[PDB]
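These protein sequences, in sequence, are chains A and A'. A prime marks a further copy of an entry chain. All residue numbers in the first sequence are consecutive under the deposited numbering, ending with 524. All residue numbers in the second sequence are consecutive under the deposited numbering, ending with 524.
Protein chains: 2
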Amino acid sequence: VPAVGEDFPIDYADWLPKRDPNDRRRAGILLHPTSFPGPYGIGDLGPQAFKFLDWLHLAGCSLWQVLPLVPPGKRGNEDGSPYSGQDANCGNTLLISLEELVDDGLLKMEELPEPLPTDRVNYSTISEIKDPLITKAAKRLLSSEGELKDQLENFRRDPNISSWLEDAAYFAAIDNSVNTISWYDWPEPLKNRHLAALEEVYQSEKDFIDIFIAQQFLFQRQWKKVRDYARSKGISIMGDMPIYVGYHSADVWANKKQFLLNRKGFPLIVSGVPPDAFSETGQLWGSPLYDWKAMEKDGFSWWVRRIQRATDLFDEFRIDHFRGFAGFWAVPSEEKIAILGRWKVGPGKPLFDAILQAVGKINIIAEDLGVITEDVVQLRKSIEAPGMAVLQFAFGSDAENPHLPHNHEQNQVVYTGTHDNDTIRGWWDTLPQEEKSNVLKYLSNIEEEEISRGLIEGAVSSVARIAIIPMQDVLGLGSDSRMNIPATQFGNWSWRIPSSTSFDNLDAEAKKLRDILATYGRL
Amino acid sequence: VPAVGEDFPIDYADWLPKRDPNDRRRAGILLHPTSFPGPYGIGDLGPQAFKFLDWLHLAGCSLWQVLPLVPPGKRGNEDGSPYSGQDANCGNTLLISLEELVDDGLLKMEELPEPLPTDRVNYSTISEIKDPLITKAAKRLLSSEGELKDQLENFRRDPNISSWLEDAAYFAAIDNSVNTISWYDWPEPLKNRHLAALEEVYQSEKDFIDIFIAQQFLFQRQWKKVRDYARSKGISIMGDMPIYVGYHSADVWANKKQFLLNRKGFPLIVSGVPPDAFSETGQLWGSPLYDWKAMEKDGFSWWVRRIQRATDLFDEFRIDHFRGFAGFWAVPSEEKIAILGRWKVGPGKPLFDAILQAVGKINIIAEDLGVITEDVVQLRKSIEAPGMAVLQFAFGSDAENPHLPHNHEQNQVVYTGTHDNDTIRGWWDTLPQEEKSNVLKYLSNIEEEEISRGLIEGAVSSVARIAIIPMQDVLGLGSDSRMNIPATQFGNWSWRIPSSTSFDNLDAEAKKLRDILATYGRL
Ligand SMILES: OC[C@@H]1C[C@H](O)[C@@H](O)[C@@H](O[C@H]2[C@H](O)[C@@H](O)[C@@H](O[C@H]3[C@H](O)[C@@H](O)[C@@H](O[C@H]4[C@H](O)[C@@H](O)[C@@H](O[C@H]5[C@H](O)[C@@H](O)[C@@H](O[C@H]6[C@H](O)[C@@H](O)[C@@H](O[C@H]7[C@H](O)[C@@H](O)[C@@H](O[C@H]8[C@H](O)[C@@H](O)[C@@H](O[C@H]9[C@H](O)[C@@H](O)[C@@H](O[C@H]%10[C@H](O)[C@@H](O)[C@@H](OC%11[C@@H](CO)O[C@H](O)[C@H](O)[C@H]%11O)O[C@@H]%10CO)O[C@@H]9CO)O[C@@H]8CO)O[C@@H]7CO)O[C@@H]6CO)O[C@@H]5CO)O[C@@H]4CO)O[C@@H]3CO)O[C@@H]2CO)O1
Ligand SMILES: OC[C@@H]1C[C@H](O)[C@@H](O)[C@@H](O[C@H]2[C@H](O)[C@@H](O)[C@@H](O[C@H]3[C@H](O)[C@@H](O)[C@@H](O[C@H]4[C@H](O)[C@@H](O)[C@@H](O[C@H]5[C@H](O)[C@@H](O)[C@@H](O[C@H]6[C@H](O)[C@@H](O)[C@@H](O[C@H]7[C@H](O)[C@@H](O)[C@@H](O[C@H]8[C@H](O)[C@@H](O)[C@@H](O[C@H]9[C@H](O)[C@@H](O)[C@@H](O[C@H]%10[C@H](O)[C@@H](O)[C@@H](OC%11[C@@H](CO)O[C@H](O)[C@H](O)[C@H]%11O)O[C@@H]%10CO)O[C@@H]9CO)O[C@@H]8CO)O[C@@H]7CO)O[C@@H]6CO)O[C@@H]5CO)O[C@@H]4CO)O[C@@H]3CO)O[C@@H]2CO)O1
Ligand SMILES: [Ca+2]
Ligand SMILES: [Ca+2]
């Protein structure tokens, strides 16, 4: 620009305010792919994934949120949980479409099971039915010599893929063969990764390891087709990364120095949260904790790889318990409750600077719920990450409750509720009378019969640049359709869109969402 | 904070997010004091000012906005206009309360006029009635020897006051005696401020000048009592400063080098705005323009003093045509239309840095309406000034219209409408059918009979930290109560609260506003 008082160019008034496309207002639907309908006991990355994306596009949604896509819990008290991953980087092979494998010629139509009961995932039977079919497809791929074989070889040898996949495959092979509760009790040559012991595992467990890798390839190829189709329809996919990983995983076993373990590989201190204004007990989670000091010394190489894999799967993703990056609660591993721990200093912004330097700009959503400290807020703003608002948490205190729409900010994500909340209708049904009248006053004395439209419109009309609705709320469902009740160990993660509902029968629901997206500028 | 991975103090979780009191959510009423009811032809800084502040406090409002308090236009085509000030720094003596002067013993009850017609200010008769009474009070003060005389002497000699008041008094005295259209035609010794000519003006015009100063003192003392009472009730007063001043003023005559004048004191270039997407002609305003280059050389001393006087009157204030600080439209003074001008580079942030250094933090509101350029937005954010949203401008384009609530930001001021807009009911009455249905869809298909509650609630429920309602909208008034129709020359600035309405009869209106302030967190 010229000197003060001098002429601007003739065209000055054409220099209109800049609108960063990273600020675009968007709406999305939360729907885990297990919840897709179909005849094979669980949703998959097949025909219904494309039908869903067409319905999202018809509704004018530009985002799809999923839970972690990792191989879930197999213990009887977390069966199907996306948050009890066996591995941080692998894909859940139960999401592999039997129909897409028939198209590939890796399965025969004849080998597909007869139609299975359609309304809920049965996690105690689904692996016994699908696992042998996915294994069969992986064996046919390994013995083939065409296009798909070449792609498998390119995947296997890719430096980003092999950096997690080799360790995950050998871990699964040793776990399968040794079958102790944890790698802490493996024979010393396997526990401490003797080069010679690992070469002998590949000799004795070759078919297990090649099959494990081919299954991860079949997942990768299906997911990339879904993500390519999403992008073709203007849809971004938002994933979900828990800050911590499980002890019994390749993540810890093949990267022991990244964690605070004693000399025998047992965790010194484990994760949780202390008591606060809302909890008398706090929570003992019991994950191992990162050696953030040793990580800083190698430029956070372990976290950089974890983020690289996440950007391979997702356009953007939430980090659960984001506050752990500023400060984290650490319980001595011998303790049975949360109270006896201490706050430690998290890595803060340098972790994010190292990620930006190695991977470039990533779109992270900070899960920043509950009682957090000013350093958490400062860290989040310093990296310009959006936090979360959840409307189901907004109406039970006073007008300073940060979840109320007049307290929202532009760089934020607003939900009606997450996978951890009841549906809007279920929440409403158990809500005290005093909170209900408070909800109805706030939404400008709207009628109680319209609570769902009320909360959906309250999320969509927010200044928050992303609004997310659970699919259950679009379908008008009650408590029977809740994805998770926190701290219960049965009937979670099993909700599916019922057989009587199909995406081609949801035109009215699409139109109703699209009209409010148009009004509130999210198209 | 300690090293990464080390212990935080035991009290870590007590360090809750910081809430800057400069971010507090607040509501205010726009009401120019001329609009106060009472028996003397115009509102004043007397009993009704205190009654209004009590009603604001009962309604839970924490802000009161006024128009400029300067001595207004006396030409027949801008009679009463606060935006045709005779002076940037003086107070309008017509706002002086005859009743407060009786309390002081400067007027006798017997000298007050009989009750005058109460519903509209008559600008063609009000000066002839009040001027002689305020003059009488000023003469009694000048001949007195008590408390008020001492305060007058302290006011007169105050370095901040004398820096504008002496020039304003001598200007008014010469203007009164010489009586040309402008100071451009004054005799050379008065036009060019010969020291000897100015000493002779004080000899020959002593009573005019002493009276002018005593009147400014009586204004100052009344206004400070209003502002002290406001503060006692938790009310901030927001004023209004036009960026430009008038040519025929002490502001220009006593500060010629601050302006772009030729060697005879005639403006080289004058203010306006060029054509844009919304105007074929643009506007020729015709004020003189600042020599921003020469101002930078003395640390913007003229602007610093203007801001010092404004903070003497107001807690915070709007600057009209804030965009002039980044870039300003300059028309050669010989031209009769706006098209033939040029954009010049405004002073930008250094003006604001010099103000911060000399006066400390000030709360400025940027009037940033219409087509503005990215440099205007950049300047506003660089000084963290709030811009404006106006709901009457929100519903006539598409969903990207910045006045719609989903586009508001926290650091912003939202109005239903300003003194330049019709009332909500008047605007609604002339609004096209297509815009009306658009308004009703946006506010979630609210009933047309409730448009006023709809727009008031839409301003109060905004994320904007300040919401302002015109008093006319609280009283449910139509187009007959509009304060100004831009570019008309009759019947403007004359609306008063009618004689049948009193602040003690407005309890229901106070309660109705207070309840929505409570719901949307502005108490
Ligand atoms: O031991 C134990 C056992 C054993 C072991 O160890 C373990 O592990 C376990 O186990 C196991 C099990 O068993 C099984 O079951 C399985 O599991 C599982 C599960 O179950 C499931 O669920 C899953 O999970 C997962 C999930 O899904 C995912 O998602 C994830 O999660 C996680 C996350 O991520 C993280 O982060 C965490 O979270 C959490 C947290 O931490 C905590 O904290 C909590 O939070 C919460 C809270 O509590 C509540 O309350 C809510 O909140 C809210 C509220 O409500 C509202 O209201 C709002 O707030 C606010 C307000 O409003 C305002 O007002 C403010 O306040 C304040 C005030 O102002 C002032 O004045 C003061 O005050 C007070 C008062 C107040 O009230 O009070 C009283 O009176 C007193 O006196 C005073 O003081 O202050 C205050 C404060 O400061 O503010 C506020 C704030 O803003 O809002 C909020 C929100 O935001 O909500 C929340 C929620 O968030 O909780 C949570 C939880 O949820 O964690 C999690 C976990 O948990 O992940 C997960 C995990 O993974 O999965 C799994 C499966 O696998 O398994 C196992 C084995 O392996 O057991
Ligand atoms: O010559 C002449 C003559 C003479 C001389 O010289 C002069 O002076 C004169 O005079 C005198 C007179 O006569 C008497 O009467 C007296 O006076 C006076 C008056 O009357 C009164 O009134 C008073 O005044 C005062 C007042 O009161 C105060 O207040 C102050 O004022 C001022 C201020 O401060 C400043 O600032 C200024 O203002 C202005 C401006 O400048 C301009 O511009 C304008 O504006 C406006 C506009 O125009 C309208 O239109 C509205 O707007 C809005 C809209 O509507 C909405 O819609 C929104 O917008 C937005 C949208 O929505 C979106 O969409 C966007 O747009 C865009 C788009 O997107 C794209 O696409 C593009 O496009 C286009 C299309 C569009 O439409 O079109 C077409 O088609 C094409 O083709 C294309 O292009 O682009 C676009 C754009 O860029 O965006 C947008 C934006 O955002 O919103 C908006 C808003 O914001 O509104 C506005 C309003 O603002 O106007 C204004 C005015 O009003 O100035 C003023 C003044 O004027 O001060 C004043 C003064 O002082 O007082 C006085 C008394 O004294 O006197 C004398 C003697 O002395 O005559
Ligand atoms: Ca086992
Ligand atoms: Ca004259």
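Ideal Cβ placement from N, Cα and C applies to all residues, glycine included.
Within its chain, find whatever has a CB closer than 6 Å to the CB of residue 55 (chain A'); leave out the 5 residues flanking it on each side and keep chain order.
Correct list: empty, nothing qualifies.
The beta strand (DSSP E) with residue 329 (chain A') in it runs from where to where?
Residue 329 (chain A') -> beta strand (DSSP E) spans 328 to 333.
DSSP on residue 288 (chain A), reduced to helix/strand/coil?
In this structure, residue 288 (chain A) counts as strand in the three-state DSSP scheme.
Any beta carbon of chain A sitting closer than 7 Å to that of residue 353 (chain A')?
No, because no Cβ of chain A sits closer than 7 Å to the Cβ of residue 353 (chain A').
Please tell me whether, using a cut-off of 6 Å, the distance from the CB of residue 180 (chain A') to the nearest non-hydrogen atom of ligand 4 is below it.
Yes, the beta carbon of residue 180 (chain A') sits closer than 6 Å to at least one heavy atom of ligand 4.
Quick one: is the Cβ of residue 410 (chain A') within less than 6 Å of any heavy atom of ligand 2?
Outside the cutoff, so no.
Shortest alpha-carbon distance to residue 485 (chain A) belongs to which of A:506, A:458 and A:424?
Looking at the Cα atoms, A:424 is the closest of the given residues.
To the nearest angstrom, report how far apart residue 379 (chain A) and residue 282 (chain A') are at their CA atoms.
Whole-angstrom Cα-Cα distance: 49 Å.
Output the distance between the C-alpha atoms of residue 73 (chain A) and residue 311 (chain A), rounded to the nearest integer angstrom.
If I take the Cα positions, the gap works out to 17 Å.
Shorter than 6 Å, the distance from the beta carbon of residue 402 (chain A') to the closest heavy atom of ligand 2, or not?
Yes - ligand 2 has a heavy atom lying nearer than 6 Å to the Cβ of residue 402 (chain A').
Is residue 329 (chain A) near ligand 1, with its Cβ less than 6 Å from a heavy atom?
No, since every heavy atom of ligand 1 falls outside the 6 Å radius drawn around the Cβ of residue 329 (chain A).
Assuming residue 516 (chain A) is part of the alpha helix (DSSP H), what are its boundary residues?
508 to 520 is the span of the alpha helix (DSSP H), which, as asked, contains residue 516 (chain A).
Beta-carbon within less than 8 Å of residue 436 (chain A)'s beta-carbon, same chain only, minus the 5 sequence neighbours each way: which residues are those?
Excluding residues within five positions, the ones whose Cβ falls inside 8 Å are 396 and 397.
What first and last residue would you give for the alpha helix (DSSP H) that runs through residue 233 (chain A)?
Element bounds for residue 233 (chain A): 207 to 233.
Following the continuous alpha helix (DSSP H) through residue 554 (chain A'), name the residue where it begins and the one where it ends.
Nothing can be reported for residue 554 (chain A'): it is not among the residues displayed for chain A', which extend from 2 to 524.
Consider the Cβ of residue 63 (chain A): report whether some Cβ of chain A' lies at a distance smaller than 7 Å.
Not an interface residue.
Would you mind sorting residue 179 (chain A) into buried or exposed? The rule is 16 or more other CB atoms within 10 Å of its CB.
Residue 179 (chain A) comes out exposed.
Residue 332 (chain A) to residue 303 (chain A), Cα distance in whole Å?
Cα to Cα, the separation comes out at about 23 Å.
Using a Cβ cut-off of 7 Å (strictly closer), state whether residue 520 (chain A) contacts chain A'.
Yes, its Cβ sits closer than 7 Å to a Cβ of chain A'.
Can we count residue 285 (chain A) as close to ligand 6, meaning its CB is less than 6 Å from some heavy atom?
No copy of ligand 6 occurs in the structure displayed; its ligands are ligand 1, ligand 2, ligand 3 and ligand 4 alone.
Quick one, which of A:293, A:387 and A:158 has its alpha-carbon nearest residue 369 (chain A)'s?
Closest option to residue 369 (chain A), Cα to Cα, is A:387.
Does chain A' have any CB closer than 7 Å to the CB of residue 462 (chain A)?
Yes, residue 462 (chain A) lies at the interface with chain A' (some Cβ there is under 7 Å from its Cβ).
Return the residue from the list A':413, A':337 and A':384 that minimises the CA-CA distance to residue 355 (chain A').
Selected option, being the one with the closest Cα: A':384.
With DSSP as the reference, identify every bridge partner of residue 563 (chain A'), one or two as the case may be.
Residue 563 (chain A') is absent from the structure shown; chain A' starts at 2 and stops at 524.
At 4 residues or longer, and completely inside the stretch 24 to 89 of chain A: list those alpha helix (DSSP H) runs for me, N to C.
For the stretch 24 to 89 of chain A, whole alpha helix (DSSP H) runs of length 4 or above, ordered along the chain, are 48 to 60.
State yes or no: is the beta carbon of residue 407 (chain A) nearer than 7 Å to at least one beta carbon in chain A'?
Chain A', which has a Cβ nearer than 7 Å to the Cβ of residue 407 (chain A), makes this yes.
Whose C-alpha, out of A:42, A:374 and A:40, is nearest the C-alpha of residue 19 (chain A')?
Closest option to residue 19 (chain A'), Cα to Cα, is A:374.
Relative to the C-alpha of residue 9 (chain A), which candidate in A':455, A':353 and A':330 has its C-alpha closest?
That would be A':330, whose Cα lies nearest to the Cα of residue 9 (chain A).
Going by other Cβ atoms of all chains shown within 10 Å of its Cβ, with 16 needed for buried, is residue 135 (chain A') buried or exposed?
Buried, because 16 or more other Cβ atoms sit within 10 Å of the Cβ of residue 135 (chain A').
The alpha helix (DSSP H) that contains residue 121 (chain A), what's its start and end?
That residue, residue 121 (chain A), is in no alpha helix (DSSP H); it is neither H nor E in DSSP.
Please work out which residues of its chain come closer than 7 Å, Cβ to Cβ, to residue 266 (chain A'), disregarding the five sequence neighbours upstream and downstream, and give them in chain order.
Excluding residues within five positions, the ones whose Cβ falls inside 7 Å are 185, 192 and 257.
Quick check: does the Cβ of residue 147 (chain A') come within less than 6 Å of any heavy atom belonging to ligand 1?
Flag unset: Cβ of residue 147 (chain A') not near ligand 1.
Express the C-alpha separation of residue 426 (chain A') and residue 479 (chain A') in angstroms, rounding to a whole number.
C-alpha separation (whole angstroms): 5 Å.
Where do the N-terminal and C-terminal ends of the alpha helix (DSSP H) with residue 92 (chain A') fall, by residue?
Here residue 92 (chain A') belongs to no alpha helix (DSSP H), and DSSP marks it neither H nor E.
Can you pull the chain A' neighbours of residue 293 (chain A), defined as C-beta to C-beta under 8 Å?
The contacting residues are 5 and 6.
Terminal residues of the continuous beta strand (DSSP E) containing residue 238 (chain A')?
It spans 237 to 243 - the beta strand (DSSP E) in which residue 238 (chain A') sits, taken as one unbroken run.
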